[PDB]
Amino acid sequence: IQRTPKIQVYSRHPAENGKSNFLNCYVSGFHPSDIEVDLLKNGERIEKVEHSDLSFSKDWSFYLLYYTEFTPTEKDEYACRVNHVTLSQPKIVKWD
Amino acid sequence: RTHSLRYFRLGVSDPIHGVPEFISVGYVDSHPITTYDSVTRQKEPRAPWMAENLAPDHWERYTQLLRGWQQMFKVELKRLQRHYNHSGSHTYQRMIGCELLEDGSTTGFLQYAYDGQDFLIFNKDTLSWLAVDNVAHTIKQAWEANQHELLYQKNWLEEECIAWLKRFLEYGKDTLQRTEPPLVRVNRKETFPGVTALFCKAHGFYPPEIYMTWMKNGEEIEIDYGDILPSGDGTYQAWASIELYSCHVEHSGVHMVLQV
Ligand SMILES: CC(=O)/C=N/c1c(NC[C@H](O)[C@H](O)[C@H](O)CO)[nH]c(=O)[nH]c1=O
């Protein structure tokens, strides 16, 4: 039994354009452990991306946090691209 | 305040490129405290208050124990795969731990999973193992035949685990025993024509344990809940939505009401 990751994309603080913030991608509830996660700015991979180590839930699934410092704009599009054995192709989840 | 100490072990057979065949991580509540894997083969702190209060001999001794626990997990996952007649990559997991409750009472648990599913659950009050199937029942019969190891495990869960947790709570008090109250706001908005959505949003709070609920004229009641998410700065965020209304928020002994 394989569990597909839950992908949540949200900012550290209530967002406002022109003010510095942190974009988070929280990937959880997945099984097995192998996963690939990237943050994207207008379709391209963000280089300076920090993350937590793989983490363990009591239900035996895994979770991780990927984040980056960013200044949101009205024109800029941000997303989180995730890949796992349950996915045929990498899933791109947009920051809403 | 309630606190818990947990240690996880993850074993992966035939791992694909970039996956350790063994990982072991310790936590105090939701904070990582220790790490080990089959690639580094080193036991390391994962919190600065752990690095600062434990002498280098701690990590040297646990490096050796973890190297042995790694070998043990490898061999148990092979016996399991042979019992199920499985080939390919499979996972084996362990979770051990204890809780210090707010009334001073305690809990303890020791569980095993095979391919991310419940497999064996220890009962320290009867010193017995609860098996999910025939394979686990075969394993349980072997494990239950060693009475001294069952007694050891009970002692470890009830005394040793609580003693470590108390030590770590003291080491990391400025982190673990702190409280960052929530920033809570209620937002109203007409969504679908004739439909009004009430959103109660909390952020910047620590610890992550919070109670959020919508009341109608002071009494109970279809609510949507948002997960308690880490904000990345050590604090957390959550929400609850509905369609006289009031949001009730309880965090670290403080009750908060936001009337609409
Ligand atoms: C103190 C430290 O640096 C790390 N200790 C670890 C640990 N110790 C707890 C028990 O002593 C142990 O489970 C024993 O097997 C219970 O019977 N358990 C782990 O799984 N991984 C660890 O990294």
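Quick check: convex hull of the Cα atoms in the stretch B:1-111, volume per residue, rounded to a whole Å³?
Roughly 115 Å³ of hull volume per residue.
Please average, across the residues of A:56-65, the number of beta carbons from any other chain that are within 10 Å of each residue's own beta carbon, and give a whole number.
Per residue, the number of nearby Cβ atoms from other chains is 5 on average.
Explain nothing, just compute: Karplus ³J(HN,Hα) = 6.51 cos²θ - 1.76 cosθ + 1.60, θ = phi - 60°, for every residue of the stretch B:13-21 in order, whole Hz, x for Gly and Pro.
The phi angles translate into 7, 6, x, 6, 3, x, 10, x, 6 Hz.
Please turn the phi angles of the stretch B:132-140 into ³J(HN,Hα) values with the Karplus equation 6.51 cos²θ - 1.76 cosθ + 1.60 (θ = phi - 60°), one per residue in order, whole Hz, x for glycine and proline.
7, 8, 4, 5, 4, 5, 5, 4, 3
Treating chain A as a set of equal point scatterers at the Cα positions, no solvent, please give the Debye-formula log₁₀ I(q)/I(0) at q = 0.11, 0.13, 0.20, 0.21 Å⁻¹.
The calculated log intensity ratios at q = 0.11, 0.13, 0.20, 0.21 Å⁻¹ are -0.32, -0.44, -0.94, -1.01.
Counting pairwise Cα distances across the stretch B:21-80, what percent come out greater than 17 angstrom?
Here the tail beyond 17 Å accounts for 42 percent of pairs.
In peptide B:113-122, how many Cβ atoms from other protein chains are near each Cβ within 10 Å, on average?
Mean inter-chain Cβ contacts per residue within 10 Å come to 3.
Using the alpha carbons of chain B, what is the convex hull volume per residue in cubic angstrom, as a whole number?
193 Å³
For the stretch B:63-152, run through the GluC sites (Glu not before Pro) and keep only the ones in DSSP coil with at most 12 other Cβ atoms within 10 Å of their Cβ.
Here the sparse-neighbourhood loop sites are B:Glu102.
Other chains' Cβ within 10 Å of B:97-110 residues: what's the mean?
The mean count of partner-chain Cβ atoms within 10 Å per residue comes to 0.
Rounded to whole Hz and in sequence order, give me ³J(HN,Hα) for the stretch B:34-49 from the Karplus expression 6.51 cos²θ - 1.76 cosθ + 1.60, θ = phi - 60°, writing x for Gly and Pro.
Per-residue couplings from phi come out as 9, 9, 7, 8, 5, 8, 5, 6, 10, 8, 10, x, 10, 9, x, 6 Hz.
May I have the convex hull volume per residue, in Å³, for the Cα set of the stretch B:179-260?
It comes to 93 Å³ per residue, whole-number rounded.
Given the DSSP H assignment, sum -39500 (n - 2.57) over each helix run of at least 4 residues in the protein assembly as shown and divide by its residue total; what's the result at 222 nm in deg cm²/dmol, nearest 500?
-6000 deg cm²/dmol
Whole-Å semi-axes of the stretch A:1-54's equivalent ellipsoid, largest first, each the root of 5 times a Cα gyration tensor eigenvalue?
One finds semi-axes of 25, 13, 10 Å for the stretch A:1-54.
Please report Rg (one decimal) and Dmax (integer) in Å for the Cα set of the protein assembly as shown.
22.6, 68
Reconstructed Cβ throughout: ideal geometry from the backbone, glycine too, with neighbour counts over all protein chains shown. Bear in mind that the values in this text are calculations on the coordinates, not laboratory data.
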